[PDB]
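Starting off, we have a lone chain in the form deposited without this ligand, written out as structure tokens.
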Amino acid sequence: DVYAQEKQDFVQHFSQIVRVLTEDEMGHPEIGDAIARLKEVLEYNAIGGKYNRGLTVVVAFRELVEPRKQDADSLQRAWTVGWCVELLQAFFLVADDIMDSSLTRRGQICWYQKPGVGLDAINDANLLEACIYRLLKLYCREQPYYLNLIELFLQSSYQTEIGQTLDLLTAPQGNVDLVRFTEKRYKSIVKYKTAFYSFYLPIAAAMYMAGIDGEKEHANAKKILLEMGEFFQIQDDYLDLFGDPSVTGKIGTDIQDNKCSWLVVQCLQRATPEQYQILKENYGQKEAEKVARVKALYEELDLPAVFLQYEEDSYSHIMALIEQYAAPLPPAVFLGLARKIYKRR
């Protein structure tokens, strides 16, 4: 496994990342306390996940760069840019946990929920974002792709923020309005809020580092990657309810949380007026019996069979996209990712 092979070298680079970021206090001791708080923010929020997005930068870089051009300095830059992706995600997750009043993340108390943190986490989230550009400057400022990476990280942040705006307007806290939960709205939320940063950004970053800056090659890679991002989120919505928590590592709450899930989108497209009333009365409630009623309506509408058919059609479509749009990139760059996303676990 190319990911399990790079993981330890990637996680081990984090100590250097923290060291380099908390080494600006040497010349400025007056900001020492703020720098110590920065270290705590990084350690709590950037560590603990699976690092799949950041690892994708490293994996794609090794497949896109000639093995002779893969010197020690080039690999340090790849690990650094992979960590910038993880920091970008950490900035989004800290802020999103505040906005939707979450209690836990990765089975651990949300950063803002820690005693003595609270709404100071807004500033902590801004610092995580600032760390991306500090790292790009420290490691990549003399590289010809420097401006390409800055613009890519800034664009990915804007797209994600637009997707978050779209999501907040679609499911306003207290407003159980299923009329907003259309397929077109669902697809736009996924595209902007998750697909760009999760799938396009890591590969595009590795492409720029490899000197692949062509607009056409990026548009082609994007076409494959946004489609993979769409399937990823649809499968994640499906597994939230019908997945095995022992396998997924999570017990889903999308129904309780009034989420614009692919499942509710499909349910609304297939429900009779009476079935709609059942969903209208039980969706967004914390009661176990009420959540069981929504699950029951989903099984009545054969949503697991609709999902399975969708998974099959999506996999054929992604292989057709790879075949048409991969060249001149090695198909392995997209195939490695497709196997990680589509493999039935």
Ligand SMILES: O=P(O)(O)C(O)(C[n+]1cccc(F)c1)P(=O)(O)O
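From 1 onward, residues are counted along the sequence shown. Basically, rigid core = biggest C-alpha set you can superpose within 1.5 Å across the two forms.
The stretch with the higher mean CA B factor, choosing between 81 to 89 and 238 to 246, is 238 to 246. Comparing the deposited coordinates for 110 to 118 and 68 to 76, the stretch with the larger average C-alpha B-factor is 68 to 76. Of the residues listed, 188, 173, 198, 148, the entry assigns the biggest Cα temperature factor to 173. Highest C-alpha temperature factor among 278, 57, 36, 47, as the PDB entry reports it: 278. When the CA B factors of the chain's modelled residues are split into thirds, the value for residue 41 lands in the lowest one. Sort the modelled residues of the chain by CA B factor and residue 213 lands in the middle third. Sort the modelled residues of the chain by CA B factor and residue 141 lands in the middle third.
When the CA B factors of the chain's modelled residues are split into thirds, the value for residue 290 lands in the highest one. The deposited CA B-factor of residue 314 belongs to the middle third of values across its chain.
We do not show the form deposited with this ligand bound, though everything after this point is about it.
Though the partner is left out of this view, residue 136 does not reach within 4.5 Å of this ligand in the deposited complex, counting heavy atoms only. Contact between residue 220 and this ligand in the deposited complex is not found at the 4.5 Å heavy atom cutoff. When contacts are judged by a 4.5 Å heavy atom cut-off, residue 270 does not count as touching this ligand in the deposited complex. Although the partner is absent here, residue 143 is not a contact residue: none of its heavy atoms lies within 4.5 angstroms of this ligand in the deposited complex. Shown without its partner, this chain lists 233, 80, 148, 266 as candidates; in the deposited complex, only 233 has a non-hydrogen atom within 4.5 angstroms of this ligand.
The chain is drawn here without this ligand; in the deposited complex, the stretch among 71 to 79, 270 to 278, 175 to 183, 89 to 97 whose residues come within 4.5 Å of it by any heavy atom is 89 to 97. Residues 193, 194, 197 are the ones in 193 to 225 with at least one heavy atom within 4.5 Å of this ligand in the deposited complex, listed in sequence order. Relative to the superposed core, residue 290 undergoes a Cα shift of 2 Å or more between this form and the one not shown. Put the two forms on the same core and the Cα of residue 238 is off by 2 Å or more between this form and the one not shown.
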